[PDB]
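Right, one structure below, let's go through it.
Reconstructed Cβ throughout: ideal geometry from the backbone, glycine too, with neighbour counts over all protein chains shown. Where a number appears in this text, it was derived from the coordinates with a stated rule and is not lab data.
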Amino acid sequence: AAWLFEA
Amino acid sequence: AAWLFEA
Amino acid sequence: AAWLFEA
Amino acid sequence: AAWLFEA
Amino acid sequence: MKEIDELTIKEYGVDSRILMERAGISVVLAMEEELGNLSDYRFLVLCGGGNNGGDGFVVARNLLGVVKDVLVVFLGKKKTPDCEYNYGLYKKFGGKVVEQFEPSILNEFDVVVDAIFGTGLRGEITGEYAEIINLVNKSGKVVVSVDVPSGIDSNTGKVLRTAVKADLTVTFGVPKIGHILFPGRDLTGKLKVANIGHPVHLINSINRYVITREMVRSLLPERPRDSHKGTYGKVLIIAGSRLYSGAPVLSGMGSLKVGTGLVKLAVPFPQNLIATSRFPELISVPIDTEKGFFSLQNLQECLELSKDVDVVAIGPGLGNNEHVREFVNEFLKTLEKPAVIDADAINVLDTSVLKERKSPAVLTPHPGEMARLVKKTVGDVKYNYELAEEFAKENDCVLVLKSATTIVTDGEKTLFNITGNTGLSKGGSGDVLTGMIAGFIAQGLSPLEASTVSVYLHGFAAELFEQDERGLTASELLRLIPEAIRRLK
Amino acid sequence: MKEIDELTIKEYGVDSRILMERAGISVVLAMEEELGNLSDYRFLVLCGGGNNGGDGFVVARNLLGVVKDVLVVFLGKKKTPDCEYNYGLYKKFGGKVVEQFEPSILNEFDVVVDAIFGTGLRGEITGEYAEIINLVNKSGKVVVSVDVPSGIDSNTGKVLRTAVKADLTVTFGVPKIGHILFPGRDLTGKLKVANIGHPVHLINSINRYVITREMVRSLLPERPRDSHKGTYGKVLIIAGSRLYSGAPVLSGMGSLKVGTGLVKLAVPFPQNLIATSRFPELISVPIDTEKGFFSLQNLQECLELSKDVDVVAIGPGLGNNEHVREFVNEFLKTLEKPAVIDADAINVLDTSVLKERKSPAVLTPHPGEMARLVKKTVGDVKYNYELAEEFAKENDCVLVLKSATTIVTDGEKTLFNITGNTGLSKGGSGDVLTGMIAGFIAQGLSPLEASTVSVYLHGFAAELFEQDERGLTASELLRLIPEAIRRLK
Amino acid sequence: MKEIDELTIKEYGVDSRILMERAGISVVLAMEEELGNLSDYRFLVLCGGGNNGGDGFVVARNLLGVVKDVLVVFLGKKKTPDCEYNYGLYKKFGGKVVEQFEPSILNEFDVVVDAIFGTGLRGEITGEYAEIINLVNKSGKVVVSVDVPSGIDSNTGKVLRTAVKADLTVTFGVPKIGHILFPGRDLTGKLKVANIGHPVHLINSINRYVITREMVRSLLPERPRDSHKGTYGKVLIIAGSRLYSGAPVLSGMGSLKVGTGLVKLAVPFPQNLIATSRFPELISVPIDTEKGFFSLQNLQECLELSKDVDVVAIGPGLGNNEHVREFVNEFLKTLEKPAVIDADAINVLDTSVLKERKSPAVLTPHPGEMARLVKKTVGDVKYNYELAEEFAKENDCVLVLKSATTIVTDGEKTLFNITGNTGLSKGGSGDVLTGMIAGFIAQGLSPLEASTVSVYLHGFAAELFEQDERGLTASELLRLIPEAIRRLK
Ligand SMILES: Nc1ncnc2c1ncn2[C@@H]1O[C@H](COP(=O)(O)OP(=O)(O)OP(=O)(O)O)[C@@H](O)[C@H]1O
Ligand SMILES: Nc1ncnc2c1ncn2[C@@H]1O[C@H](COP(=O)(O)OP(=O)(O)OP(=O)(O)O)[C@@H](O)[C@H]1O
Ligand SMILES: Nc1ncnc2c1ncn2[C@@H]1O[C@H](COP(=O)(O)OP(=O)(O)OP(=O)(O)O)[C@@H](O)[C@H]1O
Ligand SMILES: Nc1ncnc2c1ncn2[C@@H]1O[C@H](COP(=O)(O)OP(=O)(O)OP(=O)(O)O)[C@@H](O)[C@H]1O
Ligand SMILES: Nc1ncnc2c1ncn2[C@@H]1O[C@H](COP(=O)(O)OP(=O)(O)OP(=O)(O)O)[C@@H](O)[C@H]1O
Ligand SMILES: Nc1ncnc2c1ncn2[C@@H]1O[C@H](COP(=O)(O)OP(=O)(O)OP(=O)(O)O)[C@@H](O)[C@H]1O
Ligand SMILES: [K+]
Ligand SMILES: [K+]
Ligand SMILES: [K+]
Ligand SMILES: [Mg+2]
Ligand SMILES: [Mg+2]
Ligand SMILES: [Mg+2]
C-alpha cells in the first residue's frame, strides 16, 4: 500500500 | 498507533 | 543455586 | 550483568 | 458534530476546505488499510450535491492517476460551495464526471464509494436516489460509505425508505448514533473513525458515548491483597417462584462471577434448594409462602435479610400477580439500600415508588418491559435513547434498556454497549446481567458505573464462547465471565 | 535476628564490618538480578545514621565507577561506628554525599536505594523523614529497600505513620515478620533473603516460619500401593441447616479432594440430599430436626456416627441460636475424637469445653470470629500472632487464624502462609479449607501438620485458577486441589 | 518542485493552505510509522518563518492533545502568510510558542521536529540558527526533518556551514537532489516521500530520477527459451598489461555473470593466461607486445578481433604511457562498434575522438579520472551532475560518474544510483562494473539503459555480501551478481 508514502 | 483512526 | 539468596 | 565477574 | 464542524471553522478558524480535504484523504487511507494496494481497483464514486458529495470529489481526485479507473456519477442538482470547489479540482486534475446513472455502470467497477448523503439527509429517499442505492445493494461490489451509509438517519439509526449497505464506513471525529443503533449499525459494516482535525476539546465534549474496553478497564474495582469477603460486598437476590425456579441461580452466580464477596438468595421453599444443589457457594434462604409466590406475608423477613447487605436485586422469576405487585412495591418503598429492579419486579412496579425512594435504583427492562412500564408500544421505545434519558431523569434512576445495542443512562450521561451476539437472545441471559450489576454495586461502583461495566462484560463473555453462538446458554455464559474479565485487563 | 547479629559478632567472632559489607554487596547482586546490567542506571541512596544506613554506604561505595551516577543523601544526625566507617570509605572512594534533600532531586536518578531505617525504627516517622518517603512514593522510580522498607515495624508489619513502597526488598538471614504480615507484606514488593554469613545454626533456631513448598512436600502423607479406603481415614462433617444447605458439600469435597478415604456428612433433612445430587461420592446422612437446625435431640445420633470415624469437622452452616449452642458444646465435651471447629461452631463455642477435652482440636476462625471468641475488636486480633499463640497454648489447640496471610500455631510453633489470592475472599472458601484439614488429620497428620499443609495447598489451588481471580468460586477451587497437589510433588 | 507547488496552486487551483495541511499531516503519519504510538513522546518543534515553518506549525497543531507535550520554538523574524495562518491555528488550538531558545530546553523533550529551513535556504547558516542546529546535533534526541534537513542545499546536497543530522526526513512529492547526493544523503537519515496532492502529471515530469528496483526490473533483457549464445551477444575486452594482469579477468567475468553469450579478452602475453587459469569459460587471446603494453603495433589485430563482437570495453589495467595513448585513440577513432571506455583508456583519451565517432560510447570515470579528463579539480567535479550532463551532451556519450551515489547521464536524462556500500571502495570494483555495462549492451540494451541496470545491480550485489562489507572483494562481488539478478525479479 503506497498511496501516501514512497521510500 | 492511533493518530488517524479509532475503531 | 541458592547459596546467596532464598525467595 | 558484570558487577562481580569479568571473563 | 455539524456543530463541531461549525465551531472548528468559525471559532477556531480552520478553513472548511481543509476539513473536507482531511475527510477525503481519510477515506482513501481507510480503504487502503482494508483493501490493501488500491492500484488494481476501479472506483465508482457516487456524489450528492452537499458536503458528503464534496468529500467524495476529494476521494475521487486523490485516486486519479494512482488506481486503474475512477468515475464520478454526480447525482445532485446544485452544489454547495465546498462541493463545487472540489468538483472543480477533480475536473482540473483530469477526472471524469457523468450525471446520468446507467444500471450496467456497476459492471465496469470494483469499488463503489457512497458519498450521496451524510448527516444532511432529510426525509425518505426516492426517485433516482432510491433506484441507484437499490442497484448498488444488488451489485455485490465492495461498498465504502463516506460518513454514514446514505439513507441512514444519523440521529436514530433508522432507514429512510432505503439505504446503502456498506462493507466499510468512514466517519469523521466521533461515531454517530446512526452507526450504533440498528438497523444503521448493521448497514455501516466495519466502522473507522477518522481524526480530520477538530480540536480535541470539542471531540471530548460529546455527552453520548460508546462503552469501550479502556473505559471498562479503568472502572473495574481494585482487589487489594489484604482483603476478605466483606471487602467485596454482599448482595441479596429476591427472586423465583414455584413456576420459575432457575432465575435465582443465574442471578446469584452472576454476582459471584464478577467478584462479589457474599450472595444470599431469598427464594420460595422448596425452590430455594435448587440453587445450592447446582452451586453450593450460594446461600439460598427458604421463604415460606402460601402458594409458591412472594406476598406481603414475606415483607418483614425480606427487610430483615436486607439489613446485612449492600445491595438488593429483585424480580427475576417472581411471577406477576396481585400479591407479588403488593409485595414488590411495599418492599421497594421501605428498602433503604440500592436496588436493582428487573423482569417481573418491573412489570408490577408502581413508578411513584421510584420517585419517593431516597436510595438509588437501576432498572433493567427489555423493550417489551419498557413499553408496558411507560404505556407505549415496543416500536416507540425500542432504541429510543431520548425516552430512556427522560425516564431516568424523572424517576431518579439508572435505566439499562437491553437490546442488541444496550442503552445505559442516568438522564445526564448516556452510554451505548455494542458487545454481545445472538447467543444472549435466550432465556436466562438477563438474569445473569442482573446479578452482575448488583455485584459491582456491592463492590463499590456507582449504579451507572456498575451498569456500564456489566453490560460490556456480559456481551464480551458471550463473544468468547468457543462454539456457535446459537448454542450459548446462560450457564456457559457464567463460566465465561472470569475470562472476559481477564481479557479486559 | 539483631540477637543473631549480636551472637555472630560477640560469640562467633565475625567483625561487624564484615557482616555490613556482606549485607551491602547482597543488595548490589540482588539489584543486578532484578534490573539486569546496572551500568546504565543512576542511583540515589538514602542513608540514615544507623546500621541500615551503613549498609547503604556499602551499596553506594560498591556502585562507584561502575554505574552512571551515585549520590548519597545522608538524612541522619549522628552515625553509628559502622555507618561512620562505611561513610568514610564511600568518601575515600570519591563518593558524593549531600545532607539536604531537594524535591527535584529524584528527577536525575533512576533507582532509589532506601537505607533510612531497618529494624531499628522506633515510633512514628515525621519531619523530613516523612516528607522524603512521601516524595519517593510519588516519584515512580524503582525503589530497592535495604532490610525492610523504612517505616514498616519489622515485628508486626504495621506502618508507622508513613513507609516506603518498595519494588524490591533485600533482607538478611531470614524474612522478618514485617515482610510477611500486611500492610508490610504489600510494601516489601519482591523479597529476597540474603545469606550474609550468620552461622546456619542460628538461622535455623528461629521459631516462626513461613510455610514453604518443600516443607509441605515433605509433610504430604504417603500413598502405599497396597492400600484401601480405610488406609486413608474417615471424616464426619456435622454441618448445614435449612438456611445454609451448601456448606456441607464444600467441606465434604474438600476432604475427598485431599485424598481422604471416606467422608460422611450429617446434615438436616432434606438439605442432606443437596450434597449427593452434586457429588454422589459423598455419604450424606439425613438428620431429623424439629425446625431445620441441629439441637440436643440430635446429640446421640451424632455421637454414634462419630464412633466409626477418625476425625469430626463441625460448624459450617450450622446457624447460631441457642439450641445449636447447646448441641455443639455438649457434643464437643463428649466427643473423644480430634475435632476441626469452624464458623458457627466457633461462634457458639464455650472455650471451657476446649480446656476439658482430652482429644485434640483445630479452630479455624477469620478475624471476626476470633474477635467474638476472645471478646476483642477485629483490629486488636487481626495479624496478632502473639494473641493467637497465647490462645492456642491456654486452650490446648491449634489455631488457624485466616487472612491474606494465615497464621497457624499450637502455642509453641507458629507458621505463616503466603499462598492464595483475592478469589478466596468469597463465601465457601473457608468451608473447603475445613474439609481439607479434617481430611489430612484422618490420613494421619497431626493437627498442626494437617493445618500447615492445608492452608498452603488451599491458597496454591487458588493461584492455579486459569482466569481472573475475582471469578474464582469454591466449586472451582475444589477442582484445582488435585493439580496443586501434583505441582507440589 | 517549488515550480510544482506553484503550478498546483495557480493553475490547478489547490489552495496553498491545503498543500501545507497535507504536508504537515504526512509528517505526523511518517513519525507514527517510525516511532509507533506517539502518545508517550514530548515534541519540540523548531519553526522558521517560511513555508517549512508553516509545515511545522501544522505538525505541532495536529499533535496537540494527543501526545505528552508539544512546544514550538519560533526562530524566525517575519512569517509568510501560510506560516502566519498555521501559527494562528496552533495558538487558537491552545498551543505554546516561545521565541527564545535555551540550551537546556532539549532536556524536557524526546523528539525534535526540524522545520527551520526547507528548500528556501539561501547562504551559510549562522547566529542562533547555527547555535541551535549544533545543540540539536549534540542532543541525542530523535530528529525528524521536514522536507530537507535544515542546512542542506536541496539542489546540490552540500552543507551550508552547518546542518541538522536527521533520523527521519519527510519530503513532499519527489526526493530532492540534496537527499540523494552526499553529504546531504547522509544527513537525511531515513527518507520518506509523501504524496501531498500534486497532480501525478507534474510529479512524473521531473527529468532527474533515482534508479529503482522496478525501473531495473523492467529494463532487464528477456531470455527466450529458444536461444543460443549468439542471442545474448559478444563482448571484446581490451585490457591489462605486464603491470596489471588481474583487471581483464574481473571485467570479463562481469560480462558473463550478467548473461552475455561470449566474452573475449585481448591481453598481453603471457598475462592473458591468468584469466583462463581462474575462469576457463573466458576466451583470453594472447597479444604479442614489445614491452608488456598495448601499442600501435597491436592496432590491426584488435580491430580484426572487434569485427565479430557487438561491443568493445577498453582500459582496465592498460597502463598510461605514450604508446598506450596512441593505440587507444587510434583504435577508438576507427572502431565502428559501441565502446565502454574505462580507467586508463579514459586517462589517455583525446576527447576529440569521441566527437568524431559515429558509434556510441559509455565513459565510466571516478572523480579523479573525470577531473583529469576535463582539467578541473576533484572538488569541482565530484557530484557535479550539471557538469556531467554538459560533458555527455557535448561529446555524444553516456557518462557514468562513479561515487557512493553514482550519476548516469546522456545529457538529457540523468539518473542517480543509491545501491552499494563501502566494500566497493576497493580495487577491482570498477573493473567488474565495466564488464557488466558492456555485457548488457551486447544483450541489446541502449548504452544508457545498460549503464542504469549495471550500476544498480553492481551496488545491490555488494549489499548481499554475507559478512562485513569491508571484507568484500571483487571476486566475491562477481559470485553475488546472479543472486542480485534473482532478487530483482
Ligand atoms: N431525502 C432526500 N432526497 C433527495 N435529496 C435530499 C434528501 N435529503 C437531503 N437531500 C439533499 O442532499 C443535501 C445534503 O447536503 P448537506 O451538506 O446539507 O448534507 P450532506 O451532503 O449530508 O453533508 P453533511 O454530512 O456535512 O451534513 C441536502 O441539502 C438536500 O438538498
Ligand atoms: N442479539 C443480541 N446481541 C447482543 N445482546 C443481546 C442480544 N439479544 C439479547 N441480548 C442481551 O441479553 C440480555 C437479555 O435479557 P432479557 O431480560 O432482555 O431477556 P431474557 O430472556 O428475559 O433473559 P432472562 O430469562 O434472564 O430474564 C440483555 O442484556 C440483552 O441486551
Ligand atoms: N521514628 C523515627 N524518627 C526519626 N528517627 C528515628 C526513628 N526511629 C529510629 N530513628 C533513628 O534511626 C536509628 C536507627 O539505627 P539502628 O542501627 O538502631 O537501627 P537501623 O538503622 O534500623 O539498623 P538495624 O536494622 O541494624 O537495627 C535509631 O537509633 C534512631 O536514632
Ligand atoms: N485475599 C486473600 N488472600 C489469601 N487468602 C484469602 C484471601 N481472602 C480470603 N482468604 C482465605 O479464604 C478462606 C476464607 O475463609 P473464611 O471462613 O474466612 O471466609 P468464608 O466466606 O466464611 O468462607 P465460608 O463461606 O466457606 O465460611 C481463608 O482460608 C482465608 O485465609
Ligand atoms: N541562511 C539563512 N540564514 C538565516 N535565514 C535564512 C537563511 N536562508 C533562508 N533564511 C530565511 O528562511 C526563509 C525560508 O522561507 P521560504 O518559504 O522562502 O523557504 P522555506 O521555509 O525553506 O520553505 P520552502 O521549502 O517551501 O521553500 C527565507 O525567506 C529567509 O528569510
Ligand atoms: N562507498 C561506496 N558506496 C557505493 N559504491 C561505491 C563506494 N565506493 C566505491 N563504489 C563503487 O565501486 C566502483 C569503484 O570503481 P572505481 O573505478 O571508481 O575504483 P577502482 O578501485 O578503480 O576499481 P578498479 O580497480 O576495478 O578500477 C564504482 O562503481 C563506485 O561507484
Ligand atoms: K454517504
Ligand atoms: K530501609
Ligand atoms: K527542515
Ligand atoms: Mg429478563
Ligand atoms: Mg468461614
Ligand atoms: Mg577504475
> What list of ³J(HN,Hα) values in whole Hz, one per residue of region F:104-116 in order, does the Karplus curve 6.51 cos²θ - 1.76 cosθ + 1.60 (θ = phi - 60°) give from phi, with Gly and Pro shown as x?
Replying inline: 6, 5, 4, 3, 8, 10, 9, 10, 10, 9, 9, 10, 7
> Where does helix G:322-334 land angle-wise versus the long Cα axis of chain G, in degrees 0 to 90, nearest 10?
Replying inline: 90 degrees
> Using modelled backbone amide H atoms (1.01 Å from N, in-plane), which distant-in-sequence or interchain residues come within less than 5 Å of G:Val210's amide H?
Replying inline: G:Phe416
> Relative to the longest principal Cα axis of chain F, at what angle does helix F:447-463 sit, 0 to 90 degrees, rounded to 10?
Replying inline: 70 degrees
>> Averaged across orientations, what area in nm² does the convex hull of the alpha carbons in region G:1-206 project?
In response: 10.4 nm²
> For G:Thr377, F:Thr419, what ranking results if the residue with the fewest other Cβ atoms within 10 Å of its Cβ goes first?
Replying inline: G:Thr377, F:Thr419
> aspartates and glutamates near G:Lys291 by alpha-carbon distance under 12 Å, same-chain residues fewer than 8 away left out - which ones?
Replying inline: none
> Where a Cα-Cα gap under 25 Å defines reach, which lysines qualify for G:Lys78, not counting those fewer than 8 residues away within the same chain?
Replying inline: G:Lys2, G:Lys10, G:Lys91, G:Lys92, G:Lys96
> Are any of the pairs G:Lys234/G:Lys257; G:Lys158/G:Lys382; F:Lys307/F:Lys337; G:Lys138/G:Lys165 more than 19 Å apart by Cα-Cα distance, and if so, which?
Replying inline: none
> In whole Hz, what ³J(HN,Hα) sequence does region G:118-133 give by Karplus (6.51, -1.76, 1.60; θ = phi - 60°), x for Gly and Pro?
Replying inline: x, 7, x, 4, 10, x, 4, 7, 9, x, 5, 5, 4, 4, 5, 4
>> For a quick check: with amide H placed at 1.01 Å from N, whose amide H comes under 5 Å from G:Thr406's, ignoring anything fewer than 5 positions away on the same chain?
In response: G:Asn417
> To the nearest whole number, what is the average tally of beta carbon atoms from other chains within 10 Å of the beta carbons of peptide F:262-274?
Replying inline: 1
> 222 nm [θ] for chain E, helices only, -39500 (n - 2.57) per DSSP H run of 4+, per residue, to 500?
Replying inline: -12500 deg cm²/dmol
> With the radius of gyration and the Kirkwood radius both derived from the Cα set of chain F, what is their ratio Rg to Rh?
Replying inline: 1.07
>> If I model a spin label at F:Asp350 and F:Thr212 as a point 7 Å from the Cα along the Cα→Cβ vector, what separation in nanometres do I get?
In response: 4.5 nm
>> Give me the one-decimal nm value for the distance between modelled label points at E:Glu301 and G:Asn107, 7 Å along each residue's Cα-to-Cβ direction.
In response: 7.4 nm
> Loop-only check: which GluC sites (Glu not before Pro) in region F:190-297 are DSSP coil with at most 13 other Cβ within 10 angstrom?
Replying inline: F:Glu222, F:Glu281, F:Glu290
> So what are the ³J(HN,Hα) numbers for region E:284-298, from phi and the Karplus equation (6.51, -1.76, 1.60; θ = phi - 60°), rounded to whole Hz, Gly and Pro as x?
Replying inline: 10, 7, x, 10, 8, 10, 5, 10, x, 9, 3, 9, 4, 3, 9
> Nearest 0.05, what FRET efficiency do E:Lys10 and G:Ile9 give at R0 = 22 Å with Cβ-Cβ as r?
Replying inline: 0.30
> Amide H neighbours of E:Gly173 under 5 Å, counting only residues 5+ apart in sequence or on other chains, H built in-plane at 1.01 Å?
Replying inline: E:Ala194, E:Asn195, E:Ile196
> Using the count of nearby Cβ atoms within 10 Å as a rough guide to exposure, how do F:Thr156, G:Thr169, E:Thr473 rank from fewest to most?
Replying inline: E:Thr473, F:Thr156, G:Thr169
> What are the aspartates and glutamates whose alpha-carbon lies under 16 Å from the alpha-carbon of E:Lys355, with same-chain residues fewer than 8 places away excluded?
Replying inline: E:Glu330, E:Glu336, E:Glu389, E:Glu390, E:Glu394, E:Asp396, E:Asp410
> Do any trypsin sites (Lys or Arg not before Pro) in region E:89-171 lie in a DSSP loop with no more than 10 other beta carbon atoms within 10 Å, and if so, which?
Replying inline: E:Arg122
> At a Förster distance of 30 Å, what's the computed FRET efficiency of G:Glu469 paired with G:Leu243, Cβ-Cβ distance as r, to 0.05?
Replying inline: 0.60
> Got a sec? Which residues in region G:357-382 would a label at G:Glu336 touch, if it sits 7 Å along Cα→Cβ and we count backbone N under 11 Å?
Replying inline: G:358-359
>> Can you give the FRET efficiency to the nearest 0.05 for D:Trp3 and G:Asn421, using r as the Cβ-Cβ distance and R₀ = 51 Å?
In response: 0.85
>> If I fit a long axis through the Cα atoms of helix G:247-257 and take the longest principal axis of the Cα atoms of chain G, what angle between them do I get, 0 to 90°, rounded to 10?
In response: 70 degrees
> Over the Cα atoms of the protein assembly as shown, what is the Rg over Rh ratio if Rh follows Kirkwood?
Replying inline: 1.08
>> Out of the trypsin sites (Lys or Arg not before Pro) in region G:269-340, which ones are loop residues according to DSSP with at most 14 other C-beta atoms within 10 Å?
In response: G:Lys291, G:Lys307
> What order do you get for G:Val136, E:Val200, G:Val72 when you list them from fewest to most C-beta neighbours inside 10 Å?
Replying inline: E:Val200, G:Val136, G:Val72
> Expressed as a rounded percentage, what relative contact order does chain E have, with Cα pairs under 8 Å and six or more residues apart?
Replying inline: 11 percent
